[PDB]
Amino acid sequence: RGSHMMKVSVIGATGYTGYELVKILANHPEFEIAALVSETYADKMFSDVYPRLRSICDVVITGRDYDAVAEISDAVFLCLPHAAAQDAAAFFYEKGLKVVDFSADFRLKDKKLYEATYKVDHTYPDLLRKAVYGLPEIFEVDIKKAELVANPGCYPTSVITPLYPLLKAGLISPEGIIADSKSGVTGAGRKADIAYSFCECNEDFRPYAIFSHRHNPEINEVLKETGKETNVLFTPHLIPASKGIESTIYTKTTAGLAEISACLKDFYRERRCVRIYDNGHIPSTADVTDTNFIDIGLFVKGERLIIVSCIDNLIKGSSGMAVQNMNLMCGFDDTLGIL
């Protein structure tokens, strides 16, 4: 209704995650957009860059003035790349804003692991200790008290969410897990690279980053929080489609389907974004594209458990989760303005 209105800004607003985030913020009943920052498209209206939003979000894009942003905003979403994200997050944090950082810079509590993976130095160790990993259906208790939240990566969301309760309850082995995952091309971001051009990706399907994708350590670092050390092997693939992630996950269980289903449905019992199937239904990316849902299908044969996990990469894998995090930091329901 506007009674608990808060001003929110987006830094790095013209990438694909910024577009999905603005779409949500525009219709959110308590967040009011204050600034949309992009150094490249400054002095243009957001609807000049994204004409689909003409007459819905016509806010004039401004340049990088962080003092300007802090003085007009209660909260900021950072869609910046690494390193720049650290400086901005640190600035807006001490100014007293609520901060959601899309980047990886504050996700990994282990500083050397970060520097080794991202090949850049981490210069805010105390802030790194304070940041909360933004998986709303798992770490809600901690997010509600946070002022700095590291938004999870898109592939880690699709793999962590179904595995977390089963590891913690001891129903699957922590060793030998294979996640064979596939994403739409929007996962590369708004890029001019030849490798992301239409003619190179259209009709093509490929693995990439074999034994080397920066999300594999994130998955295993977070799942350690279940009390069990994991060695998930993660391999991504590029789908000739704009949006959508599917993860096929292979595990070993001593339990039967009924117990595995009860563990997941009990753990996610109040979480409207989590849709769990145990009846033979197979999630596909079209079931979750343009939604904030995560769909999980369960299949058991003997000791083999296969999990199919689907999300929209830009919404449950990024912007929608970012708004759930912001909702939670602001005292709102996690699904406010979402579903």
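We number the residues from 1 along the sequence you see.
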(Q) Tell me which stretch, 127-135 or 201-209, has the higher mean Cα B-factor listed in the entry. (A) 127-135
Q) Which wins on mean Cα temperature factor, 229-237 or 76-84? A) 76-84
Q) According to the deposited entry, which of 276, 314, 307, 42 has the largest Cα B-factor? A) 42
Q. Whose CA atom has the top B-factor in the entry, of 180, 218, 193, 101?
A. 193
Q: Give the position of residue 168 by CA B-factor within its chain, expressed as the lowest, middle or highest third.
A: middle
Q: Tell me, lowest, middle or highest third: where does the Cα B factor of residue 188 rank within its chain?
A: middle
Q.
How does the C-alpha B factor of residue 296 compare with the rest of the chain: lowest, middle or highest third?
A. lowest
Q: Please rank the C-alpha B-factors of the chain's modelled residues and tell me whether residue 288 sits in the lowest, middle or highest third.
A: lowest
Q.
How does the C-alpha B factor of residue 108 compare with the rest of the chain: lowest, middle or highest third?
A. highest
